[PDB]
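So this first bit is one chain, no partners, the form deposited in one PDB entry, shown in C-alpha coordinates.
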(Lines give C-alpha, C1' and ligand atoms only; values in the text may rest on other atoms or scores of the structure.)
Protein backbone atom coordinates (compact mmCIF):
# COMPACT_ATOMS: atom_id res chain seq x y z
CA UNK A 1 0.00 0.00 0.00
CA UNK A 2 2.49 2.63 -1.20
CA UNK A 3 3.48 4.85 -4.08
CA UNK A 4 6.75 3.83 -5.74
CA UNK A 5 8.78 6.29 -7.74
CA UNK A 6 11.41 5.30 -10.24
CA UNK A 7 13.88 7.39 -12.19
CA UNK A 8 15.74 6.19 -15.30
CA UNK A 9 18.58 8.69 -15.74
CA UNK A 10 20.47 8.72 -19.04
CA UNK A 11 23.09 10.99 -20.62
CA UNK A 12 20.43 13.13 -22.32
CA UNK A 13 17.06 12.42 -20.68
CA UNK A 14 15.53 11.58 -17.28
CA UNK A 15 12.41 9.39 -17.32
CA UNK A 16 10.19 9.42 -14.21
CA UNK A 17 7.40 7.01 -13.23
CA UNK A 18 5.12 6.61 -10.23
CA UNK A 19 3.42 3.29 -9.55
CA UNK A 20 0.57 2.70 -7.11
CA UNK A 21 0.22 -0.13 -4.60
CA UNK A 22 -1.11 -2.43 -7.36
CA UNK A 23 1.99 -1.48 -9.43
CA UNK A 24 -0.09 0.39 -12.03
CA UNK A 25 1.77 3.30 -13.61
CA UNK A 26 -0.01 6.50 -12.52
CA UNK A 27 2.62 9.10 -13.47
CA UNK A 28 4.92 9.54 -16.47
CA UNK A 29 7.30 12.49 -16.87
CA UNK A 30 10.39 13.22 -18.96
CA UNK A 31 12.94 16.02 -18.54
CA UNK A 32 16.34 16.78 -20.10
CA UNK A 33 19.28 15.54 -18.04
CA UNK A 34 21.21 18.57 -16.62
CA UNK A 35 24.72 17.51 -17.70
CA UNK A 36 26.81 20.50 -16.57
CA UNK A 37 25.49 21.80 -13.21
CA UNK A 38 25.21 19.31 -10.33
CA UNK A 39 22.85 21.74 -8.56
CA UNK A 40 20.59 21.66 -11.64
CA UNK A 41 20.84 17.85 -11.77
CA UNK A 42 19.70 17.50 -8.14
CA UNK A 43 16.98 20.10 -8.68
CA UNK A 44 15.49 18.15 -11.62
CA UNK A 45 15.16 15.00 -9.48
CA UNK A 46 13.92 16.71 -6.35
CA UNK A 47 11.29 18.67 -8.33
CA UNK A 48 9.86 15.49 -9.86
CA UNK A 49 9.57 13.78 -6.46
CA UNK A 50 8.08 16.86 -4.79
CA UNK A 51 5.57 17.46 -7.63
CA UNK A 52 4.44 13.80 -7.55
CA UNK A 53 4.17 13.88 -3.76
CA UNK A 54 1.98 17.02 -4.06
CA UNK A 55 -0.15 15.42 -6.81
CA UNK A 56 -0.89 12.18 -4.97
CA UNK A 57 -0.71 13.48 -1.39
CA UNK A 58 1.96 10.93 -0.41
CA UNK A 59 5.64 10.54 0.25
CA UNK A 60 6.69 8.15 -2.51
CA UNK A 61 9.59 5.68 -2.17
CA UNK A 62 12.54 6.61 -4.39
CA UNK A 63 14.52 4.23 -6.62
CA UNK A 64 16.97 5.68 -9.13
CA UNK A 65 18.72 4.05 -12.09
CA UNK A 66 21.94 6.01 -12.85
CA UNK A 67 24.11 5.73 -16.04
CA UNK A 68 27.17 4.82 -14.02
CA UNK A 69 28.37 3.43 -10.69
CA UNK A 70 28.02 4.55 -7.10
CA UNK A 71 31.34 3.64 -5.46
CA UNK A 72 30.65 0.66 -3.16
CA UNK A 73 32.71 2.29 -0.37
CA UNK A 74 32.26 6.07 -0.74
CA UNK A 75 28.94 6.41 -2.59
CA UNK A 76 30.56 8.85 -5.05
CA UNK A 77 29.34 8.52 -8.66
CA UNK A 78 31.28 7.63 -11.77
CA UNK A 79 28.96 8.68 -14.62
CA UNK A 80 31.08 8.73 -17.78
CA UNK A 81 28.48 10.62 -19.85
CA UNK A 82 27.29 12.95 -17.06
CA UNK A 83 30.09 15.41 -16.04
CA UNK A 84 27.62 17.09 -13.64
CA UNK A 85 27.25 14.04 -11.40
CA UNK A 86 30.90 12.87 -11.39
CA UNK A 87 32.33 12.43 -7.89
CA UNK A 88 29.15 13.35 -6.00
CA UNK A 89 27.44 11.40 -3.21
CA UNK A 90 24.09 11.26 -5.00
CA UNK A 91 22.31 8.95 -2.57
CA UNK A 92 23.34 10.97 0.50
CA UNK A 93 22.57 14.32 -1.20
CA UNK A 94 19.07 13.17 -2.21
CA UNK A 95 18.30 11.55 1.14
CA UNK A 96 19.05 14.97 2.70
CA UNK A 97 16.89 16.92 0.22
CA UNK A 98 13.99 14.45 0.19
CA UNK A 99 14.14 13.40 3.87
CA UNK A 100 13.73 9.72 3.07
CA UNK A 101 15.85 6.68 2.02
CA UNK A 102 16.91 6.57 -1.62
CA UNK A 103 18.02 3.43 -3.48
CA UNK A 104 20.54 3.81 -6.31
CA UNK A 105 21.11 1.12 -8.91
CA UNK A 106 22.74 1.12 -12.31
CA UNK A 107 20.40 1.95 -15.23
CA UNK A 108 21.21 -1.16 -17.26
CA UNK A 109 20.82 -3.33 -14.15
CA UNK A 110 17.35 -1.83 -13.58
CA UNK A 111 16.42 -2.35 -17.25
CA UNK A 112 17.59 -5.95 -17.21
CA UNK A 113 15.78 -6.63 -13.92
CA UNK A 114 12.48 -5.36 -15.33
CA UNK A 115 12.81 -7.13 -18.66
CA UNK A 116 13.84 -10.43 -17.05
CA UNK A 117 10.75 -10.38 -14.78
CA UNK A 118 8.51 -10.53 -17.86
CA UNK A 119 6.49 -13.78 -17.97
CA UNK A 120 8.11 -14.61 -21.34
CA UNK A 121 11.62 -14.58 -19.78
CA UNK A 122 10.73 -16.10 -16.40
CA UNK A 123 12.65 -19.35 -16.12
CA UNK A 124 15.48 -18.25 -18.43
CA UNK A 125 18.82 -19.21 -16.78
CA UNK A 126 20.41 -15.93 -17.86
CA UNK A 127 19.41 -12.58 -19.36
CA UNK A 128 21.67 -9.77 -20.59
CA UNK A 129 20.00 -6.36 -20.83
CA UNK A 130 21.99 -4.11 -23.15
CA UNK A 131 21.46 -0.34 -23.29
CA UNK A 132 22.65 1.46 -26.42
CA UNK A 133 21.99 5.14 -25.69
CA UNK A 134 24.44 7.95 -24.99
CA UNK A 135 26.53 5.08 -23.63
CA UNK A 136 26.70 1.29 -23.65
CA UNK A 137 25.55 -0.52 -20.48
CA UNK A 138 24.82 -4.10 -19.50
CA UNK A 139 22.71 -5.74 -16.82
CA UNK A 140 23.49 -9.37 -15.96
CA UNK A 141 20.71 -11.59 -14.59
CA UNK A 142 21.38 -15.18 -13.58
CA UNK A 143 18.43 -17.35 -12.54
CA UNK A 144 16.30 -14.24 -12.07
CA UNK A 145 18.78 -12.40 -9.83
CA UNK A 146 21.02 -9.46 -10.74
CA UNK A 147 24.76 -9.98 -10.46
CA UNK A 148 25.84 -6.47 -9.49
CA UNK A 149 29.46 -7.51 -8.83
CA UNK A 150 32.23 -6.94 -6.26
CA UNK A 151 32.08 -3.15 -6.72
CA UNK A 152 28.82 -2.49 -8.59
CA UNK A 153 30.69 -2.78 -11.93
CA UNK A 154 29.21 -6.01 -13.29
CA UNK A 155 27.92 -5.53 -16.82
CA UNK A 156 30.11 -2.46 -17.55
CA UNK A 157 30.78 -3.76 -21.07
CA UNK A 158 30.86 -0.13 -22.24
CA UNK A 159 34.20 0.28 -20.51
CA UNK A 160 35.92 -2.65 -22.15
CA UNK A 161 38.28 -1.78 -25.02
CA UNK A 162 37.60 -2.56 -28.67
CA UNK A 163 38.74 -6.14 -29.44
CA UNK A 164 41.41 -6.78 -32.09
CA UNK A 165 38.86 -7.97 -34.70
CA UNK A 166 36.91 -4.71 -34.24
CA UNK A 167 40.12 -2.66 -34.52
CA UNK A 168 40.96 -4.58 -37.71
CA UNK A 169 37.60 -3.65 -39.21
CA UNK A 170 38.16 0.02 -38.34
CA UNK A 171 41.63 0.12 -39.92
CA UNK A 172 43.96 -0.92 -37.03
CA UNK A 173 46.56 1.86 -36.54
CA UNK A 174 44.26 4.16 -38.55
CA UNK A 175 41.15 3.32 -36.51
CA UNK A 176 39.45 6.22 -34.67
CA UNK A 177 40.39 5.96 -30.99
CA UNK A 178 37.71 7.89 -29.14
CA UNK A 179 38.32 9.31 -25.64
CA UNK A 180 36.03 8.03 -22.90
CA UNK A 181 34.37 9.73 -19.95
CA UNK A 182 36.00 7.06 -17.73
CA UNK A 183 39.35 8.62 -18.83
CA UNK A 184 40.42 5.50 -20.74
CA UNK A 185 40.46 5.39 -24.55
CA UNK A 186 38.93 3.05 -27.09
CA UNK A 187 36.09 1.98 -24.76
CA UNK A 188 33.16 0.50 -26.71
CA UNK A 189 30.84 2.99 -24.88
CA UNK A 190 31.95 5.49 -27.56
CA UNK A 191 31.35 3.18 -30.56
CA UNK A 192 28.23 1.01 -30.13
CA UNK A 193 25.98 3.57 -28.40
CA UNK A 194 23.75 5.88 -30.43
CA UNK A 195 26.41 8.53 -29.68
CA UNK A 196 29.14 6.19 -30.92
CA UNK A 197 27.14 5.44 -34.09
CA UNK A 198 27.09 9.23 -34.67
CA UNK A 199 30.78 9.69 -33.86
CA UNK A 200 31.76 6.90 -36.25
CA UNK A 201 29.70 8.51 -39.02
CA UNK A 202 31.33 11.91 -38.38
CA UNK A 203 34.82 10.38 -38.26
CA UNK A 204 34.51 8.81 -41.71
CA UNK A 205 32.33 11.42 -43.45
CA UNK A 206 33.02 14.76 -41.67
CA UNK A 207 29.41 15.78 -40.96
CA UNK A 208 27.68 15.91 -37.57
CA UNK A 209 24.46 13.99 -38.22
CA UNK A 210 22.18 12.48 -35.57
CA UNK A 211 21.59 8.72 -35.41
CA UNK A 212 17.93 9.12 -36.62
CA UNK A 213 19.11 11.30 -39.52
CA UNK A 214 21.79 8.78 -40.57
CA UNK A 215 19.23 5.96 -40.35
CA UNK A 216 16.83 7.99 -42.50
CA UNK A 217 19.56 8.53 -45.11
CA UNK A 218 20.25 4.78 -44.93
CA UNK A 219 16.54 4.06 -45.60
CA UNK A 220 16.84 6.25 -48.74
CA UNK A 221 19.89 4.19 -49.83
CA UNK A 222 22.31 7.15 -49.64
CA UNK A 223 25.91 5.99 -50.28
CA UNK A 224 27.66 7.29 -47.13
CA UNK A 225 24.90 6.10 -44.78
CA UNK A 226 24.82 2.65 -46.45
CA UNK A 227 28.61 2.34 -46.02
CA UNK A 228 28.33 3.56 -42.40
CA UNK A 229 25.55 1.13 -41.51
CA UNK A 230 27.42 -1.85 -43.02
CA UNK A 231 30.51 -0.94 -41.00
CA UNK A 232 28.47 -0.37 -37.86
CA UNK A 233 26.48 -3.63 -38.13
CA UNK A 234 29.71 -5.60 -38.53
CA UNK A 235 31.35 -3.70 -35.65
CA UNK A 236 28.35 -4.40 -33.42
CA UNK A 237 28.37 -8.11 -34.33
CA UNK A 238 32.11 -8.42 -33.69
CA UNK A 239 31.97 -6.67 -30.32
CA UNK A 240 28.90 -8.54 -29.12
CA UNK A 241 30.35 -11.86 -30.34
CA UNK A 242 33.37 -11.25 -28.09
CA UNK A 243 31.07 -10.42 -25.16
CA UNK A 244 28.87 -13.47 -25.84
CA UNK A 245 31.93 -15.77 -25.94
CA UNK A 246 32.59 -14.65 -22.35
CA UNK A 247 28.99 -14.42 -21.06
CA UNK A 248 27.01 -16.82 -23.33
CA UNK A 249 23.62 -15.33 -22.31
CA UNK A 250 20.38 -17.17 -22.98
CA UNK A 251 18.46 -14.00 -23.88
CA UNK A 252 19.72 -10.56 -24.89
CA UNK A 253 17.26 -7.65 -24.57
CA UNK A 254 18.16 -4.35 -26.23
CA UNK A 255 17.13 -0.96 -24.88
CA UNK A 256 18.09 2.68 -25.24
CA UNK A 257 17.63 5.01 -28.22
CA UNK A 258 19.60 2.93 -30.71
CA UNK A 259 17.49 -0.16 -29.91
CA UNK A 260 14.85 1.48 -32.12
CA UNK A 261 17.02 0.78 -35.20
CA UNK A 262 15.05 -2.24 -36.44
CA UNK A 263 17.79 -3.41 -38.80
CA UNK A 264 19.81 -4.55 -35.75
CA UNK A 265 17.39 -7.43 -35.06
CA UNK A 266 17.71 -8.67 -38.66
CA UNK A 267 21.47 -8.25 -39.01
CA UNK A 268 22.82 -9.47 -35.66
CA UNK A 269 21.67 -13.13 -36.07
CA UNK A 270 23.14 -13.15 -39.58
CA UNK A 271 26.51 -11.64 -38.60
CA UNK A 272 27.21 -13.14 -35.15
CA UNK A 273 27.97 -16.80 -36.15
CA UNK A 274 31.20 -15.98 -38.06
CA UNK A 275 32.69 -14.40 -34.93
CA UNK A 276 31.44 -16.93 -32.33
CA UNK A 277 32.84 -20.38 -31.56
CA UNK A 278 31.83 -23.05 -34.04
CA UNK A 279 29.38 -24.77 -31.65
CA UNK A 280 27.87 -21.50 -30.37
CA UNK A 281 24.09 -21.18 -30.59
CA UNK A 282 22.63 -17.70 -30.84
CA UNK A 283 20.84 -16.21 -27.83
CA UNK A 284 17.26 -15.08 -28.22
CA UNK A 285 17.77 -11.41 -29.20
CA UNK A 286 14.74 -9.18 -28.58
CA UNK A 287 13.81 -5.51 -28.41
CA UNK A 288 12.69 -4.28 -24.94
CA UNK A 289 9.22 -5.63 -24.10
CA UNK A 290 8.53 -2.75 -21.71
CA UNK A 291 9.33 -0.18 -24.39
CA UNK A 292 11.21 2.76 -22.89
CA UNK A 293 9.94 2.02 -19.35
CA UNK A 294 12.06 -0.93 -18.16
CA UNK A 295 14.61 1.31 -16.44
CA UNK A 296 11.95 3.34 -14.59
CA UNK A 297 10.08 0.18 -13.60
CA UNK A 298 13.25 -1.60 -12.48
CA UNK A 299 14.24 1.44 -10.39
CA UNK A 300 10.77 1.91 -8.91
CA UNK A 301 10.52 -1.70 -7.84
CA UNK A 302 13.86 -1.74 -6.02
CA UNK A 303 11.57 -0.61 -3.16
CA UNK A 304 9.09 -3.51 -3.56
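Numbering follows the first chain given and starts at 1.
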Margin query: Can you tell me whether 28-36 has a higher mean C-alpha B factor than 271-279 in this record, or the other way round?
Written below: 28-36
Check: As stated in the PDB record, which stretch has the larger average Cα B-factor, 237-245 or 45-53?
Finding: 45-53
Note to self: Between 254, 58, 251, 263, which one tops the list for Cα B-factor in this entry?
What the structure shows: 58
Note to self: So if I compare the CA B-factors in the entry for 190, 89, 152, 227, which one is the largest?
What the structure shows: 89
Next item on the list: Sort the modelled residues of this chain by their C-alpha B factor and say whether residue 186 lands in the lowest, middle or highest third.
Entry: middle
Note to self: What third of the chain does residue 172 rank in for C-alpha temperature factor, lowest, middle or highest?
What the structure shows: middle
Notebook entry, point to check: residue 207's Cα B-factor: lowest, middle or highest third of the chain?
Noted result: lowest
Item checked: Cα B factor band for residue 223 (lowest, middle or highest third within the chain) -> lowest
Checklist line | residue 159 by Cα B-factor - lowest, middle or highest third of the modelled chain | finding: lowest
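We do not show the form deposited in another entry, though everything after this point is about it.
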Next item on the list: Kindly check if residue 283 and residue 191 were placed in the same rigid part between the shown form and the other one?
Entry: yes
Notebook entry, point to check: Between residue 26 and residue 144, does the Cα distance in the other entry come out closer or farther than in this form, changing by 3 Å or more?
Noted result: closer
Check: Compared with this form, is the residue 148-residue 100 Cα separation smaller or larger in the other entry, the difference being 3 Å or more?
Finding: closer
